[PDB]
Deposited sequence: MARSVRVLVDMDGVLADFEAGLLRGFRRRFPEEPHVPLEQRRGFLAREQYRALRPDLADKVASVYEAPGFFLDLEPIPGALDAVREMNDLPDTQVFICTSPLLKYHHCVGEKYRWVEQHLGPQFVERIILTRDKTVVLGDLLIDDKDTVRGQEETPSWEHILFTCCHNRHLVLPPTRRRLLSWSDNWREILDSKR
């Protein structure tokens, strides 16, 4: 049995697009960072580099009520994870970290999964700031390094391609890339 841990932001839920849409909506005069020019996991820091006071403006977007609830799915993500979890001898958990400002993040993520994937996937959510203490064969995540208290995690990190990591170990280019072969490589 292969256990796949699947991150939420940038893999199932389109955080980058939602952040940019929310930023342009609420700060329509301000410069922004086009998705194709995003570099580095931390959007706030790139905004800071664009101009210092844009850091807090972009944070105010992802800290706001509704932000996580309203993210659009990543193309192909929902179908893939449904297909994946229906494969025999395969178990999917949605493994996601909340913001340190957790107030509008934690309940909204449970509600996002419930609406987009249903109650069966709500049962498969793992919230943690340290993915290295979760046991599995693979972790699909859009962050360059995934670090924590296990120096050698049980899972192999598959980097899932997102606008901010496109320009940087196995990679999945999209959910249309061949994720079945990666799972097979663990059977």
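Colleague: Numbering from 1, run down the deposited sequence and write out every stretch that has no C-alpha in the structure.
Modeller: Deposited residues absent from the model fall in 1-3, 172-176.
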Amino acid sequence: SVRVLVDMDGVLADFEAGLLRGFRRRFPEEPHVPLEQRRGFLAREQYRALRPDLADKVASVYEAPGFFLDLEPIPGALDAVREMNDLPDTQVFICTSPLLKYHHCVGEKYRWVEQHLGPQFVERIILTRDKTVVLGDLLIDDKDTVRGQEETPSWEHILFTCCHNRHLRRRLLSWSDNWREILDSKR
From here on, numbers count along this sequence of modelled residues.
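Colleague: Looking at the deposited entry, does 175-183 or 10-18 carry the larger mean Cα B-factor?
Modeller: If you average the C-alpha B-factors of 175-183 and of 10-18, the larger mean comes out for 175-183.
Colleague: I need to verify one thing: averaged over C-alpha atoms only, is the B-factor higher for 64-72 or for 140-148?
Modeller: In the deposited entry, the stretch with the higher C-alpha B-factor mean is 140-148.
Colleague: Among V122, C162, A55, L135, where is the Cα B factor highest in this entry?
Modeller: Within the set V122, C162, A55, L135, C162 shows the top C-alpha B-factor.
Colleague: Per the entry's values, where does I94 land by CA temperature factor relative to the rest of its chain, in the lowest, middle or highest third?
Modeller: Lowest third - that is where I94 ends up once the chain's C-alpha B-factors are sorted.
Colleague: C-alpha B factor of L78, ranked within the chain: lowest, middle or highest third?
Modeller: Middle third by C-alpha B-factor.
Colleague: Would you check the entry's CA temperature factor for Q46 and let me know if it's in the chain's lowest, middle or highest third?
Modeller: According to the entry, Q46 has a C-alpha B-factor in the chain's middle third.
Colleague: Taking the values exactly as deposited, rank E29 by C-alpha B-factor within its chain and report the matching third: lowest, middle or highest.
Modeller: Middle third of the chain for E29's C-alpha B-factor.
Colleague: Within this chain, which third does the Cα B-factor at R39 fall in: lowest, middle or highest?
Modeller: According to the entry, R39 has a C-alpha B-factor in the chain's highest third.
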